[PDB]
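Working notes, structure below.
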Amino acid sequence: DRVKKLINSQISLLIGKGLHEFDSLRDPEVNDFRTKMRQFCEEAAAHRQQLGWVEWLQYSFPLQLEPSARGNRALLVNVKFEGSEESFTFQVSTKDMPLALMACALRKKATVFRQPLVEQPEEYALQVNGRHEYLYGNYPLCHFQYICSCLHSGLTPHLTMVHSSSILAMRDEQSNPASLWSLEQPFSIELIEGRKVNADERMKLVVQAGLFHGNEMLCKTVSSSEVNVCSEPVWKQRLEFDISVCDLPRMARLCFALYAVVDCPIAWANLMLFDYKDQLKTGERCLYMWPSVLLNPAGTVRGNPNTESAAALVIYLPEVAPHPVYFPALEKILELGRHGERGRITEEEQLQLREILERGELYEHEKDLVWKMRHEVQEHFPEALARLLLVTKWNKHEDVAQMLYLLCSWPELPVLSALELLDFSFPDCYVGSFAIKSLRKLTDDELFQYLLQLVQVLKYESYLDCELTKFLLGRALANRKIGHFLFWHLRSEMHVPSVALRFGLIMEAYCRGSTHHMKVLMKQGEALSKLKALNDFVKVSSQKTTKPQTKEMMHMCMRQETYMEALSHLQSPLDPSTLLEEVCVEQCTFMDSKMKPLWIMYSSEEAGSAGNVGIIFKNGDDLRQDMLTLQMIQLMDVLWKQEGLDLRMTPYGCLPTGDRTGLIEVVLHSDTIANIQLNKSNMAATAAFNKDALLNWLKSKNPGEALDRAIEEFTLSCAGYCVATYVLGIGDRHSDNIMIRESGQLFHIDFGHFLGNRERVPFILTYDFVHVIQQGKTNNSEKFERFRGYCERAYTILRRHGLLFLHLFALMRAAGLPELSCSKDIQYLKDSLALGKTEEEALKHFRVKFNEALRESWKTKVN
Ligand SMILES: COC(=O)c1cc(-c2cc(-c3ncc(CN4CCN(C(C)C)CC4)o3)c3c[nH]nc3c2)cnc1OC
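Numbers 107 to 177, 187 to 293, 315 to 398, 415 to 445, 452 to 517, 521 to 918, 927 to 1032, taken from PDB author numbering, label the letters of the sequence shown in order.
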């Protein structure tokens, strides 16, 4: 049909890769992935189009609740009915539930319209005016993020009564169209030749080859003979490994590194020994290599798509048997693993086992004790599953079958444990399957929190069709916000050759599951394409004329019909709940920094003040580290709020959308410390002493009794960011990358460097901020020590969730961020949270660092 052709061309444009390219590979693994995932996503779409109207509100507008509310006071609210020019303003309590507010709005309508209504409060939901956000369910108004926000900023919540028939019309309009174990001989390969090799002709070419199960060697590495450097080297030699063909585990990867010797790294390539249908690979393989920036076991197991320029290694996998050989089925593995001797051990060694399972590297004897006592690990210490998997000999089929037998009856583990099991340190497919099974209980809020890490984990997958891909696709099709962010994390990496195929395939599958969301995302892509062209113009014009001239030309370009159309009426890529309605051209500008980022403002008559939102478009810088830093700060905020600690943080949106391209959220009514300290004349903040500048500026935005609250917001947020930058090792902090809101809230921007990348970033206490905390007084120990108490409380809360931060950062090593690429980076976090200590030892150590920072601050106070 014409529609099928149209959807295919629309998916090709959205994902940034023509669907015909997938067909041209003539790859049965790619073909099977496309078929099975299309069917799976089409089933999810059919389940969706028939949801009840409240279930469809949960899909499209998942509730945004306060972290404390997950798992009294007078309040003024403005309520109108859909398509009404008339609204009603009434008093409710923060403890009241949406239904009581709805019943109240219905009584007011019945009185004003002089008729007894047919409608009951149960037939409606409350939309947040001009936003894709709703208040529904049995939660008090204060438990909703929107009301909580209105309450702290003093503003009046504006809501719209939306009838179930209107929600159903949305549902309807948004519808998709109508045996191995006998093979004892050592594993071996034939290294035939190399093609398109480039290196110094004075050198020799060597091929280092290794067998791996994740990062662990299955046997020692084997190297070729040294052959003269030339474009087409010829080895035609046998490389025999110290492992039997029967002992190769299911996820065994064969890793290669081509290099030059007088070391000079040239290229690397990896491949799985068994294909996607569990068959042991035989025959010739031409491996298109990746250039080395020597073995790379974590590297992708798919060849370099750039066959024209890539170095190629031709290898031969020998026919081990006259018939095809498959990895044994689970029932065959369970039969072998079912037999084994159960460990009977003394109370003295039982004390030692409990000591090492609760304790982290182990000694060789401590490993044998864990392995011998594996049944006791399962029955009494099930959370120690990861330790047991790390002592298992993955290069011995009987040990693997015994481990697999126990795993197949292992109790489901907490989400924290399951996160650890997704690391490349647990490469087995059954371990991966078990980790997903324990993650199915993740709430949509917890999943959204860890989505960025789960997407990075995809880069560790050995095959296209995997449990993690299906898990992420099913959760994305069941929650529109999850779907939104899954698409953007995949899309923003389509320029990376190693992931373009996998990521391209997942995005096609998602689009099959939601035709309407594909068109919504295409409209975002159209706006981003215009912003790129607009930004290129600005970068050029900025080197030739004055800012007033570049700014006027920018506005003229935005006022073109194609730009007004493409830049208006879209869901924000930073937050699909935020609607970017009318682009306010007069308010748009660009920033004076290197990449000249665009500052784009929007307004919405339907949303009132809440509709006044902006986005910063930046091109030329990689935004992945900023996003990760901000998500870690947002996680800290959630963890603190769960302990009743609100440090008034500003975790603003930051989202990579393409190659060195992305969006950053505009925080209105905010300015940098540097701009405020310029201490300009004929201003309400002009100071007698530059130290008075921040406090005068706060005084001008908060007259009378409001000043005390602004100083309190400043103190709380300063404690949060002092702790956050210390734990994350955020250095290069100055007056131009620290901002303050009119409310008093301090926040950081532009997170270029973290994890002390290499020197230990000390705790930072700046005098200018000590001056506001102390209310402009030289000595105010009462206020300064309340601030120290907020720092200590914030730090001790984070420490308790230390393992969560460690598991998440470990998953992030897959991202390929230069500041997060080894054990040394994770070690930094281990030191900053001082996790190898008691809470008393860590707090004493934190106080030493905090006191070391105040002495450093005093070298400015004495001046
Ligand atoms: C240097 O630029 C970047 O590369 C960058 C910027 C931000 C940022 C800045 C402001 C911000 N800078 C200065 C201001 C204050 N002025 C803004 C323009 N106003 C005019 C148009 C009236 C005057 C006040 O703000 C951010 C503000 N919200 N979010 C920001 C992110 C975040 N990450 C960044 O890189 C990752």
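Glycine included, every Cβ here is placed at the ideal spot set by N, Cα and C.
In this structure, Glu903 has its beta carbon at no less than 7 Å from each heavy atom of ligand 1. Between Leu354 and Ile325, the CB-CB gap reaches or exceeds 8 Å.
Following the DSSP letters along the chain, one finds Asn422 inside the beta strand (DSSP E) bounded by residues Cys416 to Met424.
In terms of Cβ geometry, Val592 and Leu550 form a close pair [threshold 8 Å].
Ranking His970, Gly913, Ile872 and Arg962 by CA distance to the CA of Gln943 puts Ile872 first. Burial check for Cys991: the Cβ neighbour count within 10 Å stays below 16, so the residue is exposed. Classified as buried, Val618 has 16 or more neighbouring CB atoms from the shown chains inside 10 Å of its CB. Following the DSSP letters along the chain, one finds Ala670 inside the alpha helix (DSSP H) bounded by residues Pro658 to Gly674.
The beta-carbon separation of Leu784 and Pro817, rounded to 4 Å, stays under the 8 Å limit for a contact. When beta bridges are read from the DSSP output, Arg374 appears opposite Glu326. Residue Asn1020 holds the alpha-carbon nearest to the alpha-carbon of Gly958 among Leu494, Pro572, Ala487 and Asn1020. Looking at the backbone, the Cα of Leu163 and that of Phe956 are separated by about 42 Å. In the DSSP annotation of this structure, the continuous segment of the alpha helix (DSSP H) that includes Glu1010 starts and ends at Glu1008 to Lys1030.
Residue pairing for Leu759: DSSP places it in a beta bridge opposite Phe751 and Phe778. One Cα belongs to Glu197, the other to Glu766, and the distance between them is close to 14 Å.
For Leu689 against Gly819, the beta-carbon gap comes to about 7 Å, under 8 Å, which counts as contact. Distances taken from the Cβ of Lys680 to the heavy atoms of ligand 1 include none shorter than 7 Å.
If you check the CB distance, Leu341 and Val358 do not come in under 8 Å. Counting only the Cα atoms, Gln906 lies some 12 Å from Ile834. In the three-state DSSP reduction, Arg496 falls in the helix class (H, G or I). With contacts defined by Cβ atoms closer than 8 Å, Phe167 and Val192 do not form a contacting pair. Between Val194 and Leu216 a beta carbon distance of about 7 Å is seen, short of the 8 Å cut, so the two are scored as contacting. For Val828, the Cβ falls inside the 7 Å cut-off from some heavy atom of ligand 1. Contact annotation, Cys265 with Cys257: C-beta distance approximately 10 Å; criterion of less than 8 Å not satisfied. Taking C-beta atoms under 8 Å as the contact rule, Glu743 and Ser729 qualify, at a distance of about 6 Å.
Annotation for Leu784 indicates a beta carbon within 7 Å of some heavy atom of ligand 1. Looking from the CA of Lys332, the closest CA among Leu316, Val370 and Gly245 belongs to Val370.
With 16 or more neighbouring CB atoms inside 10 Å of its own CB, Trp555 falls in the buried class.
Inclusion of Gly686 and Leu120 in the CB contact set at 8 Å is warranted, their separation being smaller than that value. Per DSSP, the beta-bridge partners of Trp442 are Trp420. The nearest non-hydrogen atom of ligand 1 is 7 Å or more from the C-beta of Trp858. For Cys265, the uninterrupted alpha helix (DSSP H) segment begins and ends at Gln260 to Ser268. For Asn364, the pairing in a beta bridge is given by DSSP as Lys340.
In the DSSP assignment, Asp994 falls within the alpha helix (DSSP H) that extends over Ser992 to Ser1001.
If the five residues before and after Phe778 are omitted, its C-beta is found closer than 7 Å to the C-beta atoms of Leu692, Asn696, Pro758, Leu759, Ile761 and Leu824, all from its own chain and listed in chain order. Under the rule that a run must span 4 or more residues, the alpha helix (DSSP H) segments found entirely inside the segment 778 to 843 read 785 to 803 and 834 to 838.
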